[PDB]
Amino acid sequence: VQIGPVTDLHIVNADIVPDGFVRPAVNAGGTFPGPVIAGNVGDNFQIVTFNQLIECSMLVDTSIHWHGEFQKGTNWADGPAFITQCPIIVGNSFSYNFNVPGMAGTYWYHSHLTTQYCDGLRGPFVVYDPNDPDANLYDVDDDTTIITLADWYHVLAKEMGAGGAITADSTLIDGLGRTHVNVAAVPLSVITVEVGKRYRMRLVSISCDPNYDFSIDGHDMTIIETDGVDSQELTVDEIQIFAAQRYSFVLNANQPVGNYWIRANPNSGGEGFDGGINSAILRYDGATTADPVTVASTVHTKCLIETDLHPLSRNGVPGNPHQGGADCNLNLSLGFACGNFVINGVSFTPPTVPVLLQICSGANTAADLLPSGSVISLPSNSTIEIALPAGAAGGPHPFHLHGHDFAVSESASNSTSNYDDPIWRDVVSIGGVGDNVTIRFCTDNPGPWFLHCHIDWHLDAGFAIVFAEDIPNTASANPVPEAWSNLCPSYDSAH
């Protein structure tokens, strides 16, 4: 179901049983996943979020992030609690009013308070391009070609310990899947295709943690979009997609009419596909209504490798073709010990006053912004390079930056940098010990922008910092509506 660009979005509690185990959830728009929020590039989104949550066990306060949307001019609408807003309290609503100039592609939205999106507040967000340069590559692109991959837990997110290796209890594809342990034969999702059509499949990781090895028995996939950036066609037979990443891929429905397994193996939790875990069904029209009996290739012979991706446009790479070839080059020291993560020696703990309101109330430098040591100021109109060397306890961490996308100058498991034509994206695996995954972008967007590992349990254990981009121009760049200003006194009064 698709809603928007102007829409109500109610946040409710419900019990659901997507793997056959009933448990409480926090839902957007009443469904899991939430409804697809959609519009065309350049359209004004007005999402009126009604908080109606009553179940404390999962927090009755909420805040929603439109993941990958740059929010230029609207930093107050970005969503991370205590970075850009205080949460909306139960009984109140809040109108997320923003534009998406320049952006088209496949995105998603999710709670951005504590670990609440794990408890179910996650949904797809698609910005359609009426002149998409990839349109001639397929026949079908609509709500039925969206595929979400979700980890699902039988423990309430607020009770996960924390951390604490945490592992999921079931992989859901389009909201359905089977439990890893004592697997019950509950219904699987079906994706239906017709012989000879081509499909723009929009593959969205709404994961709180695991990365997935996604494949479709007997079929190939040609990638045309990465995290909202159009890419040159890259045909693969397997895609490893980390938390929060998105790909569009053309599925040519060119096999005999029949049932084929769709596979999504998480890097932790249940291994393999016994009893149909980690599975959905690709069904051709005409096929018998029965489970697939297909098998994966024994060896996947063309798996996605991030360095094989290239932008469709001529994006290039800001700055100069060598490391440190930037105006403000940084190399973050990413650590873990004693159950907390750290960036440059400091574990992130949300401050009482949101970063944005600290700035609007007259804070001027990172030194003046709380939490101390969790904010790095960035100057305006400068090429930023950030090196994110891996090694920190497990691993592999998908780092994500708000308000921007970035050139992936160096990828995982490959020490060679690329200053000509790397893919740009917004969430990137930093790989393994010895890797030096490096990103570059330009500061053309004033505001406080969160940078963190998108494994939500790692974010709650402190793996984050805020890039305060152009403090001096932040207030003037981001006029806030009074409803925004009303957020924090309501929150602090209720709490």
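The numbering used is simple: start at 1 and walk along the sequence shown.
Between the stretches 243-251 and 228-236, it is 228-236 that shows the larger average CA temperature factor. For the pair 466-474 and 57-65, the record assigns the higher mean C-alpha temperature factor to 466-474.
Of the candidates 119, 139, 420, 78, the PDB record gives 420 the highest C-alpha temperature factor. Set against one another, the Cα B-factors of 222, 85, 289, 148 in the record reach their highest point at 289. In this PDB entry, the Cα temperature factor of residue 277 sits in the bottom third of its chain's modelled residues, the lowest group. Annotation for residue 217: CA B-factor lies in the lowest third of the chain's modelled residues. Ranked within its chain, residue 206 lands in the lowest third, by CA B factor from the PDB record. Residue 42: CA B factor lies in the highest third for its chain, per the PDB record. In the deposited entry, the Cα temperature factor of residue 433 sits in the top third of values across the chain's modelled residues.
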